[PDB]
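Working notes, beginning with the structure itself.
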There are 2 protein chains.
Amino acid sequence: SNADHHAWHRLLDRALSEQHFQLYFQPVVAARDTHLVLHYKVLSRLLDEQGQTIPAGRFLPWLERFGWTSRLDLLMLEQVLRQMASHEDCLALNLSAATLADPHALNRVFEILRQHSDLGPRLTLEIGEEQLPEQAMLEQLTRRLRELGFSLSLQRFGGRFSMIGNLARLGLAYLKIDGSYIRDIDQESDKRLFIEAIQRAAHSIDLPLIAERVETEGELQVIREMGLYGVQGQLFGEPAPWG
Amino acid sequence: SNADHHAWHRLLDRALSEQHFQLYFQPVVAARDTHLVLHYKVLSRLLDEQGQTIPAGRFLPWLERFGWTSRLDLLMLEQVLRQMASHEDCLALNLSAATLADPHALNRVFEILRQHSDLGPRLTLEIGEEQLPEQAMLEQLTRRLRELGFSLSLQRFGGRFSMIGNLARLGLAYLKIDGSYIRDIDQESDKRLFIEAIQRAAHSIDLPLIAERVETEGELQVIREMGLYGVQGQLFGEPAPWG
């Protein structure tokens, strides 16, 4: 694969520099009524010669090996902020540990955000739990974002529940729960006790909860019945260009 | 270290076959009154020529590399059950993933337990969360132990909180919380929110909670104030032969 590295490498580099990434939008909706959307998660895709889509699951890895993940983040950031002037809907954008660990990258982000202060309300940046900063830089990060008027969320949440307490300082916009803790909850009640604990803690600190990766009407009903704020997943069609 | 392997190897093998392990007892006590003991955790030590002690932290690793961890478990088991006839106090014994993954080992354990049915009430076997069996074998395990009249506990608990729900089926005697979630709780309030969630879930299923590794009077007070059942740690002297 000495070569494959070259193929992908020569691929992504040009995609970063030429803006070959397409903007795709996954609806995140209300558990109580899935016809109500809360905001749209923003996804990045690539188009093959045929026009077919290429998911990040197939190219992120390559971005990681090359250490260009920051490089993307920013392309999406600017590209999105640009997209957002055409409308007045709420968006959620992905942020990568790669971009956070790199001081130069952040500062870039803040420089960008500064140019688009008017879109603070409508843009929530999401970072993953799995790949998360130390306590100190995290509180700093939210401060920097509060000053600029932007919201921060966590996703893939659930494994670092132990840290639930430090989240209050912050003022996260919401908490997106890893869909693994929700999978077949309809037929595996042992899973609900965990969720409850979350709600009782989240509710406690006025943090809304969104259920990630809901794939079946069964899971939807119990989430609805347990009263979580939000829901997203395959169960609501595929993501898609801005229609 | 090609040699060190031989040194330790020729060491432990003889200790397993000759019974060179010494029985040591760490008191686990009531949070509300540390003069009340609930049971004694059982520890295994080795004696150097001088008489000084040798903690498992220094020999377990070697036992792992050689795959003799099961081999020990059973030595302790029998040795302990033997110790227990001389008294009427409650004991807690360590059980290793190594022994659980090995069908032959278990069966040995059950064969041993069968010979000492009269000591069911007084012996609680503890297994760690970190190193834990799949769901199916776990429920089977407790069944096998219920039939024989012995109690099971979890320790190092907290990281796999997500599994809290499946614990009800079981009938664990107690839940021993990893002392990492308790460290400087006196001065780090962000830690208490996590504990609360635990209590509200544990209490929910009538599972008592014990705080592992309490090292300071500060930690003790907040645990006491939050109302956890049990406490153990360096703060209550060193372990020791049966006095």
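Here the Cβ is made from the backbone with ideal geometry for all residues, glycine too, and neighbour counts use every protein chain on show. Just so you know, all these numbers are worked out from the coordinates, no wet-lab data involved.
When you go through B:196, B:212 one by one, which is the residue that is touching a residue at least 40 places away in the same chain (Cβ under 8 Å) and of a type in the set (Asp, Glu)? Outline the logic, then answer.
Numbers: B:196 fails: touching a residue at least 40 places away in the same chain (Cβ under 8 Å).
Result of the check over B:196, B:212: B:212.
Which one is nearest to residue A:94 (Cα to Cα), of the residues in segment A:106-148 that are among the acidic types (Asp, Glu) and within 17 Å of the chain's Cα centre (by Cα)? I'd like the intermediate steps shown before the answer.
Initially, segment A:106-148 is screened for residues among the acidic types (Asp, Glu), giving A:111, A:118, A:126, A:129-130, A:134, A:139, A:147.
Filter once more, so that each one left must be within 17 Å of the chain's Cα centre (by Cα): A:126, A:129-130.
Numbers: A:126: 5, A:129: 12, A:130: 13 Å.
Among those residues, the one meeting the criterion is A:126.
Evaluation of residue A:132 against the conditions (1) surrounded by 13 or more Cβ atoms within 10 Å (Cβ to Cβ); (2) outside any loop (DSSP other than H, G, I, E, B) shows that the sole unmet condition is (2).
For segment A:17-52, the set of residues classified as farther than 17 Å from residue A:76 by Cα and among the hydroxyl-bearing types (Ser, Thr, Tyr) consists of A:34 only. Taking segment A:165-184 as the range and being within 24 Å of residue A:125 (Cα to Cα), within 12 Å of chain B (Cβ to nearest Cβ) and either touching a helix residue (DSSP H, G or I) at 6+ places or on another chain (Cβ under 8 Å) or surrounded by 18 or more Cβ atoms within 10 Å (Cβ to Cβ) (or both) as the test, the residues that pass are A:165, A:166, A:167, A:168, A:169, A:170, A:177, A:178, A:181, A:182.
The set of residues in segment A:185-204 that are over 12 Å from residue B:197 (Cβ atoms) and either at the interface with another protein chain (Cβ under 8 Å from one of its Cβ atoms) or polar (S, T, N, Q) (or both) comprises A:187, A:189, A:190, A:191, A:192. Mind listing just one residue for me: the one in segment B:9-28 that is of a type in the set (A, V, I, L, M) and out of contact with any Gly (no Cβ under 7 Å at 6 or more places or on another chain) and, of those, farthest from residue B:236 (Cα to Cα)? Top of the filtered list is B:11. Across segment B:118-162, what is the number of residues that are of a type in the set (S, T, N, Q) and within 14 Å of another protein chain (Cβ to nearest Cβ)? Of the residues in that region, 2 qualify.
Residue-wise test of (1) surrounded by fewer than 16 Cβ atoms within 10 Å (Cβ to Cβ); (2) closer than 19 Å to residue A:152 by Cβ; (3) small (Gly, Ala, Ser).
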position: A:36; (1), (2), (3): yes, no, no
position: A:44; (1), (2), (3): no, no, yes
position: A:48; (1), (2), (3): yes, no, no
position: A:67; (1), (2), (3): yes, no, yes
position: A:85; (1), (2), (3): yes, no, yes
position: A:103; (1), (2), (3): yes, yes, no
position: A:107; (1), (2), (3): yes, yes, no
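Quick one: is residue A:189 over 25 Å from residue B:181 (Cα atoms) and without any contact (Cβ under 8 Å) to a residue 12 or more places away in the chain? Spell out how you get there, then give the answer.
Numbers: over 25 Å from residue B:181 (Cα atoms): yes; without any contact (Cβ under 8 Å) to a residue 12 or more places away in the chain: yes.
So residue A:189 fits the description; yes.
The residues in segment B:205-227 that are out of contact with any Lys or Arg (no Cβ under 9 Å at 6 or more places or on another chain) and either closer than 23 Å to residue B:168 by Cα or within 14 Å of chain A (Cβ to nearest Cβ) (or both) can be counted, and the count is 4.
Surrounded by 12 or more Cβ atoms within 10 Å (Cβ to Cβ) and farther than 18 Å from residue B:41 by Cα: does that describe residue B:98? Lay out the reasoning, then the answer.
Details: surrounded by 12 or more Cβ atoms within 10 Å (Cβ to Cβ): yes; farther than 18 Å from residue B:41 by Cα: yes.
Yes: the conditions hold for residue B:98.
The set of residues in segment A:200-221 that are over 19 Å from the mean Cα position of the chain (by Cα) and surrounded by fewer than 20 Cβ atoms within 10 Å (Cβ to Cβ) comprises A:200, A:203, A:204, A:205, A:206, A:216, A:217, A:218, A:221. Pairing residues of segment A:154-177 that are under 13 Å from residue A:203 (Cα atoms) with residues that are assigned to a helix (DSSP H, G or I) and of a type in the set (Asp, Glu), at Cβ distances under 8 Å and at least 6 apart in sequence or on separate chains, gives A:165/B:190; A:168/B:190.
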